[PDB]
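First, one chain by itself: the form deposited in one PDB entry, in structure tokens.
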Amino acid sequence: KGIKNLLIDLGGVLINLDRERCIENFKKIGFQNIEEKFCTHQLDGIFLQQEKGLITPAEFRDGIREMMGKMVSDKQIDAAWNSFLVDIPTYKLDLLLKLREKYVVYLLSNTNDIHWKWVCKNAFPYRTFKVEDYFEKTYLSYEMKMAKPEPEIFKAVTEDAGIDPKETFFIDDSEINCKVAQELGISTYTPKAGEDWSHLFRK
């Protein structure tokens, strides 16, 4: 009945995102028809694969270069890709640190190696803290080879962490991710974009 564990999403829930900026940054390095490729769906394949760790970062970049027909550098590709990521506001880092007093806090994120490296270097470090300080464990799609909202990802987390779904609260801005978690017995909250969800924890 009582909540012991939190499962927190990264994208949106912690880190602000900017798809427009990322798309435009790709166009600037030469991916002229990236919006045109998005419809083609040639893209969705490479992004979905990266998200499940099914291709390496080297493959991802090669795949981008191949779709661009241009020999842009890894540094360029990473910069354009990482520009999807904006910031984790520090009040959310304070909140995570505080929540640890009462809850075992886990991260459960669909993400990829390039983005994860970026947030660990540029968003999580704060005061004397690093990413290891906020979470008991970080569950990442690309490491797990599964992605939300597949039921198996949630079951894998609860099995690995050794937790009761019924004692678990999941915060994720995707409605379908939450509905799947609910079917497993996990309680959920679906914040809106830019929502400060600290209100959930007011005494």
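Between two forms, the rigid core is the largest collection of C-alphas that superpose within 1.5 Å. Residues that one form lacks are left out of the comparison. Heads up: residue numbers just count along the shown sequence, starting at 1.
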- Item | Higher-B stretch (mean Cα B-factor, as the entry records it), 117 to 125 or 75 to 83 | 75 to 83
- Note on the structure: The stretch carrying the higher mean Cα B factor in the deposited entry, 133 to 141 or 41 to 49, is 41 to 49
- The residue of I55, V157, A147, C178 with the maximal C-alpha B-factor according to the PDB record is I55
- Just grab whichever of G30, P165, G162, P151 has the top CA B-factor as deposited. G30
- Item | Cα B factor band for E183 (lowest, middle or highest third within the chain) | highest
- Lowest, middle or highest third of the chain for the C-alpha temperature factor of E66? highest
- Classify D172 as lowest, middle or highest third according to the C-alpha B-factor given in the PDB entry, relative to its own chain. lowest
- Task: Compare the C-alpha B factor of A193 with those of the other modelled residues in its chain, then answer lowest, middle or highest third.
- Result: highest
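Although it is not shown, the form deposited in another entry is what the next lines describe.
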- Message: With the core superposed, a Cα shift of 2 Å or more between this form and the one not shown singles out one residue among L43, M68, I171, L140. Which one is it?
- Response: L43
- Note on the structure: What changes in the other form is the Cα distance between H41 and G30, by 3 Å or more; the two atoms are farther
- Quick one: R61 and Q42 C-alpha atoms, closer or farther in the other form compared with this form (3 angstroms or more)? farther
- Query: Tell me, which consecutive runs of three or more residues change place between this form and the one not shown by 2 Å or more at the CA, with the core overlaid?
  - Reply: 36 to 43
